[PDB]
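J.: Take a look at the following structure, please.
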Amino acid sequence: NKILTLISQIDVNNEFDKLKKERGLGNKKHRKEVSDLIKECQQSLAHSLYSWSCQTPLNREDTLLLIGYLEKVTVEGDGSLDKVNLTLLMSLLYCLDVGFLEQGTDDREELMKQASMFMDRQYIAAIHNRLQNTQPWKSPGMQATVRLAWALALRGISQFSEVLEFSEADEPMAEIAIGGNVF
Amino acid sequence: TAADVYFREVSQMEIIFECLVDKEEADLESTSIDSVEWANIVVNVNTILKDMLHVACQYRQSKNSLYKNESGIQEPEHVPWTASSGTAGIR
């Protein structure tokens, strides 16, 4: 909560409406230094979440918060997530990332016990319901892509133990994703 | 030829679809390395007797007791209990 909120809001708002307006930032130098420090701060904060996601998996409330943020995202109209947004995105990717389930390491059971997105039937249902919504994100593509990744995960989970109810939901999800031309 | 009475006793249709893999095996001519199709039919029976034992196991994971294998009940089914069928070891 605090983390994301802070970083994002602070940075953007402040700069754009006080510093891009008043230009306390002054010299073609001072303005740049201040701009760089602000951008660095935004990036360091985004990286902090990313670095965390790369380690700790995310809890139910924190994951929903991250999804809530990504629902509002504009990839800059310029058509490129700026150094910050791209990172937030890959962070979410790693949060969702289930690739660690495919690496045949003797630690699979221990790692499964540590991955918050493992022991909560409510986690899969909540994410699935959000991604099935035709409330797409600010960016229909966002709804389409995460949907597809959750779907590949659902596809494998049949092999692990016997979790194969959601295997069906993968074909329509994949179709929606392809229809959003996620590619 | 029938099945309703060979379901109450399906256990017998496994000791004999083995004796018919052996009398098929006598004519498998699979003594030399050249024979192959005949070592593919011995495996097709091995797959079916196997997935039949897989089915007896997963139907002993779908318990109803809230003490005997709590997983699959009101408790998380993401971790199955002992993958044994709780078979008594028929001779």
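J.: Go through the residues of region B:76-88 one by one and say whether even a single one is hydroxyl-bearing (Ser, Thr, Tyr), in contact with a helix residue (DSSP H, G or I) (Cβ under 9 Å, 6 or more places away or on another chain), loosely packed, with under 13 Cβ neighbours inside 10 Å and free of Cβ contacts under 8 Å to residues at least 60 places away in the same chain. Let's see the steps before the verdict.
T.: To start, the set of residues in region B:76-88 that are hydroxyl-bearing (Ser, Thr, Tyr) comprises B:82, B:84-85, B:87.
If we keep only those that are in contact with a helix residue (DSSP H, G or I) (Cβ under 9 Å, 6 or more places away or on another chain) too, we end up with B:84-85, B:87.
Those left that are additionally loosely packed, with under 13 Cβ neighbours inside 10 Å: B:84, B:87.
Those left that are additionally free of Cβ contacts under 8 Å to residues at least 60 places away in the same chain: B:84, B:87.
Yes - at least one qualifying residue is present in region B:76-88.
J.: Additional query: Under 16 Å from A:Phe118 (Cα atoms) and among the polar types (S, T, N, Q), is that true of A:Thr105?
T.: Values: under 16 Å from A:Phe118 (Cα atoms): no; among the polar types (S, T, N, Q): yes.
Considered against the rule, which asks whether it is under 16 Å from A:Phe118 (Cα atoms) and among the polar types (S, T, N, Q), A:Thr105 comes out as no.
J.: Let me ask something else. Looking at A:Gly141 and the list (1) closer than 30 Å to B:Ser71 by Cα; (2) part of a helix (DSSP H, G or I), which single condition is not satisfied?
T.: (1)
J.: Please determine, by comparing only the residues of region A:115-138 that are away from every other protein chain (no Cβ under 14 Å) and in a helix (DSSP H, G or I), which one is surrounded by the fewest Cβ atoms within 10 Å (Cβ to Cβ).
T.: Filtering region A:115-138 for residues away from every other protein chain (no Cβ under 14 Å) gives A:126-138.
Now drop any that are not in a helix (DSSP H, G or I), which leaves A:126-132.
Details: A:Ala126: 15, A:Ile127: 20, A:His128: 17, A:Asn129: 9, A:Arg130: 18, A:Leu131: 24, A:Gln132: 15.
If we take residues in region A:115-138 being away from every other protein chain (no Cβ under 14 Å) and in a helix (DSSP H, G or I), then A:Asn129 is surrounded by the fewest Cβ atoms within 10 Å (Cβ to Cβ).
J.: Further question: Can you tell me which of A:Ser161, A:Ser167 is surrounded by fewer than 18 Cβ atoms within 10 Å (Cβ to Cβ), touching a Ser or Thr at 6+ places or on another chain (Cβ under 9 Å) and of a type outside the set (A, V, I, L, M)? Before the answer, list the steps.
T.: Details: A:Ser161 fails: touching a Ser or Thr at 6+ places or on another chain (Cβ under 9 Å).
Just a single option satisfies the conditions, and that option is A:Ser167.
J.: Suppose we filter region B:50-73 for residues that are outside any helix (DSSP H, G or I) and either in contact with a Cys (Cβ under 7 Å, 6 or more places away or on another chain) or within 12 Å of chain A (Cβ to nearest Cβ) (or both); how many remain?
T.: The first filter runs over region B:50-73 and keeps only residues outside any helix (DSSP H, G or I), leaving B:59-73.
Those still in the list that are either in contact with a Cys (Cβ under 7 Å, 6 or more places away or on another chain) or within 12 Å of chain A (Cβ to nearest Cβ) (or both) too: B:59, B:61-62, B:71-72.
Total meeting the criteria: 5.
J.: If you don't mind, there's one more thing I want to ask. Looking only at region A:10-28, filter to residues that are assigned to a helix (DSSP H, G or I) and loosely packed, with under 14 Cβ neighbours inside 10 Å; which one of those is farthest from the chain's Cα centre (by Cα)? Lay out the reasoning, then the answer.
T.: Initial filter on region A:10-28 (assigned to a helix (DSSP H, G or I)): A:10-19.
Remaining after also requiring loosely packed, with under 14 Cβ neighbours inside 10 Å: A:12-14, A:16-18.
Working: A:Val12: 19, A:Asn13: 21, A:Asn14: 24, A:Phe16: 24, A:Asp17: 27, A:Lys18: 29 Å.
Among those residues, the one meeting the criterion is A:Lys18.
J.: Would you confirm, using the coordinates I've provided, whether B:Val79 is β-branched (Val, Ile, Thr) and within 13 Å of another protein chain (Cβ to nearest Cβ)? Steps first, answer last, please.
T.: Numbers: β-branched (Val, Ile, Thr): yes; within 13 Å of another protein chain (Cβ to nearest Cβ): yes.
It is true that B:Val79 is β-branched (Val, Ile, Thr) and within 13 Å of another protein chain (Cβ to nearest Cβ).
Virtual Cβ from ideal backbone geometry, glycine too; neighbours counted across all protein chains shown. Every number here is computed from the coordinates shown, using simple stated rules; none is lab data.
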